[PDB]
Amino acid sequence: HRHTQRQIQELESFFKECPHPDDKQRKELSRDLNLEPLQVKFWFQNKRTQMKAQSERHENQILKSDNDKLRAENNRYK
Amino acid sequence: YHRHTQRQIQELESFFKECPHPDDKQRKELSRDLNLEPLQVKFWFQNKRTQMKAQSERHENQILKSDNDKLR
DNA sequence: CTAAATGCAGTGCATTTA
DNA sequence: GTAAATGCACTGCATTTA
């Protein structure tokens, strides 16, 4: 119900390299690490949602704090 | 797999307006009231919940984004 | 967050049908 | 003979279900 660490390493290793596979690209990976490609297909989409979601989350949790800290500076000036 | 009936989801969208964080008791009736496994019921809300914070902060994002840039 | 999966456009090319 | 259709894949993403 989850994937192998041996496996998942090579997943993330490829996505930094080639974050968008063709079918052909997808198939060969599976044969290398004993998985189904539609699985492989699915993951590659979900990793893409991951980067979208986190790039937003970090930013929001950050800018809220950054726009918060700057405001305190403005009042110390006034 | 198997998605959820429109009857289900419509009642969902209708109730989600009311108590977007519902307790076991009400979860228990709704689960029964709507031919559901309450885990499923418990689940969908968690996601339904999770979606909105993301959707809201994205608008929080885009609105805080255009304001800062346009000033320059 | 994961793992699995669906729904809807849209895109390209090869083959029918009109 | 040609142009428009249709059948078949694939892509890509956002959303849903557990």
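Parameters and conventions
Residues numbered from 1 in each chain as written, not as in the entry; some residues may be left out. Chains lettered and ligands numbered in written order. Heavy atoms only, no water. Residues with missing side-chain atoms left out of burial classes, pairs and counts. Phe/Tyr/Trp six-rings, centres within 6.5 Å; stacked < 30°, edge-to-face > 60°. Salt bridge = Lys/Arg side-chain N within 4 Å of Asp/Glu carboxyl O. Helix = DSSP H or I, 4+ residues; strand = E, 2+ residues; numbered from the N terminus. Axes fitted to C-alpha atoms, helices over the stretch in contact; angles between N-to-C directions. Parallel < 35°, antiparallel > 145°, perpendicular 65-115°, else oblique. Left-handed = near helix turned anticlockwise from the far one by under 90°. Contact = heavy atoms within 4.5 Å.

Naming follows the PDB entry, where chain B appears as Homeobox-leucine zipper protein PROTODERMAL FACTOR 2 of Arabidopsis thaliana. Under its PDB header, the title given for this structure is "ATPDF2 HDZIP domain complexed with DNA".

Taking the PDB entry as the reference, chain A is identified by name as Homeobox-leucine zipper protein PROTODERMAL FACTOR 2 belonging to Arabidopsis thaliana.

Q: Describe in detail the packing of aromatic side chains, supporting the description with residues and values.
A: Taken together, a centroid distance of 5.1 Å and an interplanar angle of 80° make the contact between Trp43 of chain A and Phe44 of chain A edge-to-face. Among the aromatic residues, those joined into a ring-pair cluster are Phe14, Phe15, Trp43 and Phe44 of chain A.

Q: I'd like a rundown of the pattern of salt bridges, residues and numbers included.
A: Residue and element names in this part refer to chain A. A salt bridge links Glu10 to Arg6, with the nearest nitrogen and oxygen atoms 3.7 Å apart. Of this pair, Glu10 and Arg6 both sit in helix α1 (residues 5–17), 4 residues apart, which is roughly one turn of the helix. A salt bridge links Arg31 to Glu28; its shortest N-O distance comes to 3.6 Å. Here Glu28 and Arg31 lie together in helix α2 (residues 23–33), a separation of 3 residues that amounts to about one turn.

Q: Account for the packing of helix α3 (residues 37–77) of chain A against helix α3 (residues 38–71) of chain B, with residues named and values stated.
A: Geometry of a packed helix pair, given as the angle between the helix axes and the separation of the axes. The N-to-C vectors of α3 of chain A and α3 of chain B enclose an angle of 60°; their axes lie 10 Å apart at closest approach. The angle between α3 of chain A and α3 of chain B places the two elements in the oblique class. For α3 of chain A against α3 of chain B, the interelement crossing comes out left-handed. Facing α3 of chain A, whose interface residues are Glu56, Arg57, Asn60 and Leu63 of chain A, α3 of chain B presents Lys53, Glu57, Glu60 and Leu64 of chain B.

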